[PDB]
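For reference, the structure discussed in these notes is given below.
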Amino acid sequence: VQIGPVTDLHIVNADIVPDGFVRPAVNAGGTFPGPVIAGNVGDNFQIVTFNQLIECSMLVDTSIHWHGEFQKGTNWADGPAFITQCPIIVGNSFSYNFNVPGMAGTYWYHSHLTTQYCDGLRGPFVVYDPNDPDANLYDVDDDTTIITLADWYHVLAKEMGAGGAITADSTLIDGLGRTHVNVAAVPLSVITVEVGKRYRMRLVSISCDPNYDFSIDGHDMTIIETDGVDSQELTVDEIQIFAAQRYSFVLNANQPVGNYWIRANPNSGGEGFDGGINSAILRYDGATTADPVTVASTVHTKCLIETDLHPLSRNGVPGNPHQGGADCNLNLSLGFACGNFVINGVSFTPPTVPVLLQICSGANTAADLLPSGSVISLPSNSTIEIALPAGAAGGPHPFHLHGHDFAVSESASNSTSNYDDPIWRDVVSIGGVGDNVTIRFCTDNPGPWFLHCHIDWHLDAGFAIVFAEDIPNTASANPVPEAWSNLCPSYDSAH
Ligand SMILES: *[C@@H]1O[C@H](CO)[C@@H](O[C@@H]2O[C@H](CO)[C@@H](O)[C@H](O)[C@H]2NC(C)=O)[C@H](O)[C@H]1NC(C)=O
Ligand SMILES: [Cu+2]
Ligand SMILES: [Cu+2]
Ligand SMILES: [Cu+2]
Ligand SMILES: [Cu+2]
C-alpha cells in the first residue's frame with residue numbers, strides 16, 4: 001500500500017505474529033512493514049505523524065527519520081532523537097514537512113529513538129523519477145516490486161542485553177518468514193512475475209543488525225540503483241546487502257514457469273534454509289501453487305563486489321587523487337570495550353537538549369555543544385574525507401551519514417582507493433580488521449548530521465558522532481515551525 005507525499009501516519013501498538021509467535025510491536029500506519037511512503041522528485045512531503053503509543057515496554061515516545069533524504073533547509077525534520085528534535089510524546093502529532101530536490105530512488109523510514117525501530121517502526125520510502133534514465137530497462141515498477149528484508153526478534157528491544165551479542169529469531173521478507181528455532185510452517189511471502197516481463201525490484205534492507213546474502217534461484221539480477229544513486233548496469237547472481245542499504249535490480253522473468261526460492265541469509269541467526277527459513281517464493285503466473293524445490297548455485301559465480309559499481313552520472317570524486325586530498329580530512333578511531341562503542345575515545349549518549357536546539361539557542365562551536373567530544377564541526381563548502389578503519393568488535397559495521405551521500409573512495413576487503421569513479425551511497429560496510437573504508441563528500445548542507453553504525457544495538461551502545469556542519473549558518477538555513485519548538489517542553493514536562 002502506498003501513501004503520500006501528503007499523508008497522515010499514525011504510530012500505534014499492535015501484537016503481530018509474522019513468524020507465528022505473537023508479540024507486541026510499534027507500527028507505522030498499522031502494518032509491518034509500514035506502508036510505502038511515495039512521491040516524485042521535487043515533491044513537498046507532508047507527513048503528519050500521530051503518536052498513539054501506549055505500551056511503555058517499547059517506549060511511548062517516538063521520532064521518525066526519512067533515511068537517505070538530505071533534508072536541506074529542513075534539518076529539524078530529519079528525526080534522530082536528541083540530535084535534531086525531542087521525541088513526539090503520546091497523544092501529540094507532528095508534521096514532517098520537507099522537500100526532496102535532486103533525489104530519486106529507494107529509501108526507507110524508521111524510528112530514530114533508542115532501539116524502537118527494531119520493535120517494528122520501519123517502512124519503505126520511494127521517490128519516483130518521471131524521467132528516470134533507467135525506465136527503458138524494465139516493464140514493471142510499482143508497490144509489488146518492493147522487497148524488504150527485516151530481522152525480527154522475539155525479545156522486546158528494550159530488554160535486549162545489550163551489548164551483548166544480540167541475534168534475531170527470524171528473517172522476514174515482505175513482512176513474512178519462519179522462526180530460526182523450532183520452525184513452524186507459517187505462510188511465506190510470494191513475489192509473482194509473468195514470463196518475459198522485466199521488473200525493477202527495489203531491495204530495501206530494513207534490518208536492525210544482520211547483513212543478508214540475497215539471491216533468487218535460477219535468476220540473475222542487474223543492479224541499476226544503489227542507496228538512491230543510479231548506477232551503470234551490473235549483473236550479479238548474489239547481493240550482500242548490509243543494514244539500511246538499498247538496491248534496485250532488474251529481474252528478467254526468463255525461466256520456465258514455476259516456483260523458485262528467494263533466499264536471504266543473515267550473517268548471524270539461523271544458517272541455511274531448512275523448513276523454509278530465510279526464504280520467500282518467486283512464483284510465475286501459471287505455476288502450481290506449491291513450495292519451490294529449487295537449489296541455489298553451489299558456488300555463486302558473479303556476487304556483487306562494491307568496487308564493480310559505478311554511478312550512471314558523472315559524479316566523480318571531490319578533492320584530490322591521494323589520501324588526505326581534501327580540505328578537512330579525518331580519520332576516526334572506532335573502538336569497542338566493556339560493552340560500549342567509541343568514536344575518538346567517546347561513547348555517544350544522547351544529550352538532554354537536541355543538538356539542533358543547542359545551535360538555535362546560540363551555541364557557536366563544537367566545544368560549546370553537548371555531548372562533549374561527540375560533535376565535530378565542519379566548515380562550509382569544503383571537501384571532507386573520513387577514514388573509518390575497521391577492527392572494532394563485530395563487525396562488519398555499516399556506517400551511515402545523515403544529510404548526505406558520499407563517494408566510497410575505498411571499500412571493504414580492498415586496500416586500493418578509487419578517485420575516478422567509485423559509487424556514491426549513504427550506508428557503507430567498513431569491512432574487517434586492516435580495512436580502511438574511506439568516504440568523501442562536500443559540505444553544502446548546514447545542520448547537525450548524525451554519523452553512526454546502522455546496527456541499531458551498536459548505536460544504542462554508543463557507536464556515533466554528530467557532524468555539526470556550518471554552525472554559523474544553521475539557524476538561518478533551517479527556520480523551524482513552532483510545532484518543532486513545542487516538542488521539547490512537552491517532552492521534558494511529560495518526563
Ligand atoms: C579493488 O578496488 C579497485 C578500485 O576500484 C579496483 O580497481 C579497478 O579495477 C578495474 C579492473 O577490474 C580497472 O578497470 C580500474 O582501472 C581499477 N580502478 C582503479 C582506480 O584502480 C579493483 O578491481 C578491486 N579489486 C578487486 C579484486 O575487485
Ligand atoms: Cu536509517
Ligand atoms: Cu539516515
Ligand atoms: Cu556496528
Ligand atoms: Cu541515523
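Residues are named by chain letter and number: chains run A, B, ... in the order of the C-alpha cells, numbers start at 1 in each chain, and ligands are numbered from 1 in the order shown.
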Would you list the contacts of residue A:229 as an mmCIF file with N, CA, C and O atoms, in the first residue's frame, taking every protein, DNA or RNA residue within 10 Å and counting only C-alpha atoms, but skipping same-chain residues closer than 2 positions in sequence?
```cif
data_model
loop_
_atom_site.group_PDB
_atom_site.id
_atom_site.type_symbol
_atom_site.label_atom_id
_atom_site.label_comp_id
_atom_site.auth_asym_id
_atom_site.auth_seq_id
_atom_site.Cartn_x
_atom_site.Cartn_y
_atom_site.Cartn_z
ATOM 1 N N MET A 103 16.551 14.322 -5.577
ATOM 2 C CA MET A 103 16.718 12.924 -5.140
ATOM 3 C C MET A 103 15.628 12.144 -5.725
ATOM 4 O O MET A 103 14.498 12.626 -5.819
ATOM 5 N N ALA A 104 15.977 10.933 -6.164
ATOM 6 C CA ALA A 104 15.033 9.945 -6.623
ATOM 7 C C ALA A 104 15.665 8.631 -6.235
ATOM 8 O O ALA A 104 16.854 8.582 -5.895
ATOM 9 N N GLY A 105 14.859 7.604 -6.083
ATOM 10 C CA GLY A 105 15.412 6.322 -5.739
ATOM 11 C C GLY A 105 14.651 5.683 -4.581
ATOM 12 O O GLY A 105 13.489 6.034 -4.278
ATOM 13 N N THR A 106 15.324 4.743 -3.964
ATOM 14 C CA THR A 106 14.655 3.824 -2.982
ATOM 15 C C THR A 106 15.254 4.124 -1.654
ATOM 16 O O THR A 106 16.463 4.015 -1.498
ATOM 17 N N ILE A 224 20.879 -1.391 -10.901
ATOM 18 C CA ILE A 224 20.720 -0.119 -11.613
ATOM 19 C C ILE A 224 20.668 1.062 -10.618
ATOM 20 O O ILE A 224 20.699 2.210 -11.038
ATOM 21 N N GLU A 225 20.631 0.789 -9.292
ATOM 22 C CA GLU A 225 20.469 1.889 -8.283
ATOM 23 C C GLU A 225 21.066 1.429 -6.974
ATOM 24 O O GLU A 225 20.842 0.283 -6.585
ATOM 25 N N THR A 226 21.919 2.258 -6.374
ATOM 26 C CA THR A 226 22.467 1.968 -5.018
ATOM 27 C C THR A 226 22.218 3.102 -4.034
ATOM 28 O O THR A 226 22.571 4.237 -4.298
ATOM 29 N N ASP A 227 21.522 2.792 -2.932
ATOM 30 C CA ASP A 227 21.154 3.801 -1.961
ATOM 31 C C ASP A 227 20.689 5.117 -2.628
ATOM 32 O O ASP A 227 21.154 6.205 -2.243
ATOM 33 N N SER A 231 23.052 3.698 -11.002
ATOM 34 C CA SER A 231 24.343 3.071 -11.283
ATOM 35 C C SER A 231 24.204 2.526 -12.695
ATOM 36 O O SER A 231 23.093 2.318 -13.197
ATOM 37 N N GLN A 232 25.339 2.399 -13.354
ATOM 38 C CA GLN A 232 25.504 1.602 -14.530
ATOM 39 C C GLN A 232 25.113 0.202 -14.162
ATOM 40 O O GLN A 232 25.342 -0.244 -13.002
ATOM 41 N N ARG A 246 20.091 0.060 0.147
ATOM 42 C CA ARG A 246 19.087 -0.286 -0.824
ATOM 43 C C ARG A 246 19.714 -0.537 -2.205
ATOM 44 O O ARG A 246 20.709 0.079 -2.507
ATOM 45 N N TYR A 247 19.111 -1.452 -2.975
ATOM 46 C CA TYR A 247 19.466 -1.601 -4.379
ATOM 47 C C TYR A 247 18.203 -1.720 -5.210
ATOM 48 O O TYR A 247 17.277 -2.480 -4.833
ATOM 49 N N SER A 248 18.185 -1.063 -6.372
ATOM 50 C CA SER A 248 17.304 -1.524 -7.381
ATOM 51 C C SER A 248 17.993 -2.525 -8.332
ATOM 52 O O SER A 248 19.171 -2.339 -8.689
ATOM 53 N N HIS A 310 29.554 1.573 -10.440
ATOM 54 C CA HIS A 310 29.876 2.917 -10.898
ATOM 55 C C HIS A 310 28.609 3.790 -11.061
ATOM 56 O O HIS A 310 27.589 3.315 -11.590
ATOM 57 N N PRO A 311 28.693 5.071 -10.678
ATOM 58 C CA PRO A 311 27.498 5.909 -10.907
ATOM 59 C C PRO A 311 27.156 6.009 -12.394
ATOM 60 O O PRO A 311 28.037 5.914 -13.243
ATOM 61 N N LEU A 312 25.874 6.163 -12.702
ATOM 62 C CA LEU A 312 25.406 6.375 -14.074
ATOM 63 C C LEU A 312 25.757 7.769 -14.574
ATOM 64 O O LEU A 312 26.161 7.950 -15.763
ATOM 65 N N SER A 313 25.656 8.745 -13.685
ATOM 66 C CA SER A 313 26.037 10.108 -13.964
ATOM 67 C C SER A 313 27.539 10.253 -13.822
ATOM 68 O O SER A 313 28.210 9.341 -13.369
ATOM 69 N N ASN A 315 29.634 11.617 -11.565
ATOM 70 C CA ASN A 315 29.757 12.177 -10.220
ATOM 71 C C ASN A 315 31.196 12.484 -9.823
ATOM 72 O O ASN A 315 31.459 13.458 -9.107
ATOM 73 N N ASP A 405 24.882 12.024 0.754
ATOM 74 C CA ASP A 405 25.550 10.821 0.290
ATOM 75 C C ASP A 405 27.084 11.081 0.130
ATOM 76 O O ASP A 405 27.594 12.213 0.407
ATOM 77 N N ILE A 423 31.262 4.343 -6.648
ATOM 78 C CA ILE A 423 29.819 4.544 -6.385
ATOM 79 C C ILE A 423 29.684 5.524 -5.239
ATOM 80 O O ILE A 423 30.515 5.570 -4.347
ATOM 81 N N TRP A 424 28.625 6.308 -5.270
ATOM 82 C CA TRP A 424 28.257 7.121 -4.142
ATOM 83 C C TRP A 424 27.086 6.390 -3.451
ATOM 84 O O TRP A 424 26.268 5.786 -4.150
ATOM 85 N N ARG A 425 27.014 6.441 -2.117
ATOM 86 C CA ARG A 425 25.909 5.777 -1.395
ATOM 87 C C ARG A 425 25.728 6.427 -0.034
ATOM 88 O O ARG A 425 26.373 7.440 0.281
ATOM 89 N N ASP A 426 24.843 5.929 0.800
ATOM 90 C CA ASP A 426 24.803 6.594 2.143
ATOM 91 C C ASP A 426 25.082 5.717 3.278
ATOM 92 O O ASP A 426 25.063 6.187 4.425
#
```
Could the residues that lie within 12 Å of ligand 5, counting only C-alpha atoms and all ligand atoms, be listed as a PyMOL selection string? chain A and resi 63-70+78-84+108-115+117+208+243-244+398-404+426-427+448-456+458-460+463-467
Please dump the current selection as a PDB file, in the first residue's frame; keep C-alpha atoms.
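That gives us part16.pdb:
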```pdb
ATOM      1  CA  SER A  63      10.622  10.222  16.327  1.00  0.00           C
ATOM      2  CA  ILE A  64      10.940   9.203  12.694  1.00  0.00           C
ATOM      3  CA  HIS A  65      13.819   9.524  10.252  1.00  0.00           C
ATOM      4  CA  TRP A  66      13.438   9.580   6.474  1.00  0.00           C
ATOM      5  CA  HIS A  67      16.594   7.556   5.806  1.00  0.00           C
ATOM      6  CA  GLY A  68      18.788   8.943   2.950  1.00  0.00           C
ATOM      7  CA  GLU A  69      16.748  12.192   2.397  1.00  0.00           C
ATOM      8  CA  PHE A  70      19.130  15.114   2.633  1.00  0.00           C
ATOM      9  CA  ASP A  78      15.449  14.690   9.920  1.00  0.00           C
ATOM     10  CA  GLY A  79      14.315  12.703  13.011  1.00  0.00           C
ATOM     11  CA  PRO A  80      17.159  11.419  15.191  1.00  0.00           C
ATOM     12  CA  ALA A  81      16.115  11.943  18.742  1.00  0.00           C
ATOM     13  CA  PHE A  82      18.237  14.486  20.584  1.00  0.00           C
ATOM     14  CA  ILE A  83      20.158  15.391  17.509  1.00  0.00           C
ATOM     15  CA  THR A  84      17.531  17.189  15.541  1.00  0.00           C
ATOM     16  CA  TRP A 108      13.030   3.931   3.896  1.00  0.00           C
ATOM     17  CA  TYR A 109      11.840   5.474   7.183  1.00  0.00           C
ATOM     18  CA  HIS A 110      12.149   4.250  10.687  1.00  0.00           C
ATOM     19  CA  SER A 111      12.026   5.314  14.284  1.00  0.00           C
ATOM     20  CA  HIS A 112      15.072   7.097  15.419  1.00  0.00           C
ATOM     21  CA  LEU A 113      14.609   6.862  19.136  1.00  0.00           C
ATOM     22  CA  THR A 114      16.709   4.303  21.110  1.00  0.00           C
ATOM     23  CA  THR A 115      16.126   0.852  19.537  1.00  0.00           C
ATOM     24  CA  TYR A 117      12.658   0.657  15.069  1.00  0.00           C
ATOM     25  CA  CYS A 208      18.377  -3.635  12.778  1.00  0.00           C
ATOM     26  CA  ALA A 243      21.601  -2.825   7.308  1.00  0.00           C
ATOM     27  CA  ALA A 244      19.846   0.202   5.842  1.00  0.00           C
ATOM     28  CA  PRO A 398      27.580  -0.420   8.161  1.00  0.00           C
ATOM     29  CA  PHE A 399      28.261   3.298   8.762  1.00  0.00           C
ATOM     30  CA  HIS A 400      25.695   5.793   7.783  1.00  0.00           C
ATOM     31  CA  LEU A 401      25.812   9.580   7.453  1.00  0.00           C
ATOM     32  CA  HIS A 402      22.743  11.844   7.577  1.00  0.00           C
ATOM     33  CA  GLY A 403      22.126  14.812   5.308  1.00  0.00           C
ATOM     34  CA  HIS A 404      24.341  13.461   2.560  1.00  0.00           C
ATOM     35  CA  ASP A 426      24.803   6.594   2.143  1.00  0.00           C
ATOM     36  CA  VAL A 427      25.484   3.466   4.115  1.00  0.00           C
ATOM     37  CA  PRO A 448      23.911  18.745  12.715  1.00  0.00           C
ATOM     38  CA  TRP A 449      24.233  15.434  10.851  1.00  0.00           C
ATOM     39  CA  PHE A 450      24.484  12.106  12.644  1.00  0.00           C
ATOM     40  CA  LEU A 451      27.231   9.614  11.637  1.00  0.00           C
ATOM     41  CA  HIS A 452      26.850   6.159  13.087  1.00  0.00           C
ATOM     42  CA  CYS A 453      26.885   2.445  12.658  1.00  0.00           C
ATOM     43  CA  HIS A 454      23.469   1.419  11.471  1.00  0.00           C
ATOM     44  CA  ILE A 455      23.441  -1.768  13.595  1.00  0.00           C
ATOM     45  CA  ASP A 456      20.885  -0.333  15.969  1.00  0.00           C
ATOM     46  CA  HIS A 458      25.593  -0.610  18.333  1.00  0.00           C
ATOM     47  CA  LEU A 459      24.083   2.819  18.063  1.00  0.00           C
ATOM     48  CA  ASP A 460      22.375   2.284  21.406  1.00  0.00           C
ATOM     49  CA  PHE A 463      28.787   4.000  18.083  1.00  0.00           C
ATOM     50  CA  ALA A 464      28.024   7.540  16.817  1.00  0.00           C
ATOM     51  CA  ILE A 465      29.033  11.205  16.497  1.00  0.00           C
ATOM     52  CA  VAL A 466      27.435  14.316  15.115  1.00  0.00           C
ATOM     53  CA  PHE A 467      28.985  16.341  12.362  1.00  0.00           C
TER      54      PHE A 467
END
```
Of A:389, A:446, A:87, A:34, the one sitting nearest residue A:477 when using only C-alpha atoms is A:446
### Query
Skipping near chain neighbours, those fewer than 2 positions away, what residues fall within 9 Å of stretch 134-140 of chain A using only C-alpha atoms, listed as an NGL selection string?
:A and (130-132 or 142 or 144-145 or 197-201 or 224-225 or 230 or 250-252)
Within-9 Å residues of ligand 1, basis only C-alpha atoms and all ligand atoms, as an mmCIF file with N, CA and C atoms, in the first residue's frame:
```cif
data_model
loop_
_atom_site.group_PDB
_atom_site.id
_atom_site.type_symbol
_atom_site.label_atom_id
_atom_site.label_comp_id
_atom_site.auth_asym_id
_atom_site.auth_seq_id
_atom_site.Cartn_x
_atom_site.Cartn_y
_atom_site.Cartn_z
ATOM 1 N N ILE A 305 30.291 -6.995 -5.801
ATOM 2 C CA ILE A 305 31.535 -6.518 -5.145
ATOM 3 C C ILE A 305 31.444 -5.012 -5.259
ATOM 4 N N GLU A 306 31.501 -4.280 -4.160
ATOM 5 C CA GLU A 306 31.121 -2.840 -4.201
ATOM 6 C C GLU A 306 31.936 -2.050 -5.257
ATOM 7 N N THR A 307 33.204 -2.426 -5.450
ATOM 8 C CA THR A 307 34.070 -1.721 -6.386
ATOM 9 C C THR A 307 33.702 -1.954 -7.834
ATOM 10 N N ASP A 308 32.851 -2.937 -8.139
ATOM 11 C CA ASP A 308 32.391 -3.071 -9.514
ATOM 12 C C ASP A 308 31.275 -2.094 -9.828
ATOM 13 N N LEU A 309 30.746 -1.414 -8.805
ATOM 14 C CA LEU A 309 29.647 -0.444 -9.068
ATOM 15 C C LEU A 309 30.219 0.925 -9.502
ATOM 16 N N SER A 409 35.418 6.060 -1.585
ATOM 17 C CA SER A 409 36.713 6.083 -2.212
ATOM 18 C C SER A 409 37.438 4.771 -1.974
ATOM 19 N N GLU A 410 37.353 4.195 -0.779
ATOM 20 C CA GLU A 410 37.928 2.847 -0.542
ATOM 21 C C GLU A 410 36.832 1.953 0.034
ATOM 22 N N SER A 411 36.608 0.747 -0.525
ATOM 23 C CA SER A 411 35.640 -0.263 0.013
ATOM 24 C C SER A 411 36.258 -1.344 0.914
ATOM 25 N N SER A 413 37.567 -4.959 2.175
ATOM 26 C CA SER A 413 38.406 -6.088 1.626
ATOM 27 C C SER A 413 39.185 -5.730 0.384
ATOM 28 N N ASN A 414 39.468 -4.437 0.220
ATOM 29 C CA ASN A 414 40.207 -3.953 -0.936
ATOM 30 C C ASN A 414 40.963 -2.655 -0.610
ATOM 31 N N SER A 415 42.272 -2.786 -0.368
ATOM 32 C CA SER A 415 43.099 -1.671 0.056
ATOM 33 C C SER A 415 43.391 -0.608 -1.015
ATOM 34 N N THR A 416 42.906 -0.810 -2.228
ATOM 35 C CA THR A 416 43.110 0.153 -3.300
ATOM 36 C C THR A 416 42.017 1.188 -3.269
ATOM 37 N N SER A 417 42.379 2.468 -3.270
ATOM 38 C CA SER A 417 41.392 3.522 -3.323
ATOM 39 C C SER A 417 40.917 3.813 -4.755
ATOM 40 N N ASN A 418 39.794 4.497 -4.926
ATOM 41 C CA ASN A 418 39.317 4.820 -6.273
ATOM 42 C C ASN A 418 38.931 6.280 -6.330
ATOM 43 N N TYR A 419 39.698 7.114 -7.044
ATOM 44 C CA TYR A 419 39.408 8.580 -7.055
ATOM 45 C C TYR A 419 38.846 9.023 -8.404
ATOM 46 N N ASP A 420 38.465 8.070 -9.265
ATOM 47 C CA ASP A 420 37.922 8.403 -10.569
ATOM 48 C C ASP A 420 36.439 8.253 -10.554
ATOM 49 N N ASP A 421 35.972 7.037 -10.230
ATOM 50 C CA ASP A 421 34.580 6.660 -10.438
ATOM 51 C C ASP A 421 33.956 5.676 -9.395
ATOM 52 N N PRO A 422 34.264 5.807 -8.083
ATOM 53 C CA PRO A 422 33.553 4.969 -7.128
ATOM 54 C C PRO A 422 32.051 5.315 -7.059
#
```
I want to know what sits within 6 Å of stretch 7-13 of chain A, based on only C-alpha atoms, with residues of the same chain fewer than 5 positions away left out; could you give that as a ChimeraX atom specification? /A:25-29,47-53
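Across A:222, A:46, A:374, A:85, the tightest approach to residue A:202 is made by A:222 when counting only C-alpha atoms.
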Would you list, as a PDB file with N, CA and C atoms, in the first residue's frame, the residues of stretch 199-436 of chain A that end up in alpha helix (DSSP H) under DSSP run on this structure's backbone?
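Output contents, as saved in out_35.pdb:
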```
ATOM      1  N   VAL A 355      20.817  18.540  19.689  1.00  0.00           N
ATOM      2  CA  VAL A 355      21.919  19.299  19.099  1.00  0.00           C
ATOM      3  C   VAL A 355      21.445  20.539  18.337  1.00  0.00           C
ATOM      4  N   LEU A 356      20.419  20.386  17.509  1.00  0.00           N
ATOM      5  CA  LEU A 356      19.915  21.461  16.698  1.00  0.00           C
ATOM      6  C   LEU A 356      19.443  22.657  17.569  1.00  0.00           C
ATOM      7  N   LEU A 357      18.726  22.391  18.639  1.00  0.00           N
ATOM      8  CA  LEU A 357      18.209  23.450  19.505  1.00  0.00           C
ATOM      9  C   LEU A 357      19.349  24.124  20.318  1.00  0.00           C
ATOM     10  N   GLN A 358      20.416  23.376  20.654  1.00  0.00           N
ATOM     11  CA  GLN A 358      21.613  23.977  21.225  1.00  0.00           C
ATOM     12  C   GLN A 358      22.158  25.016  20.296  1.00  0.00           C
ATOM     13  N   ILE A 359      22.220  24.697  18.999  1.00  0.00           N
ATOM     14  CA  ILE A 359      22.688  25.620  17.957  1.00  0.00           C
ATOM     15  C   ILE A 359      21.756  26.855  17.796  1.00  0.00           C
ATOM     16  N   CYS A 360      20.457  26.602  17.702  1.00  0.00           N
ATOM     17  CA  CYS A 360      19.494  27.693  17.600  1.00  0.00           C
ATOM     18  C   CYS A 360      19.457  28.605  18.837  1.00  0.00           C
TER      19      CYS A 360
END
```
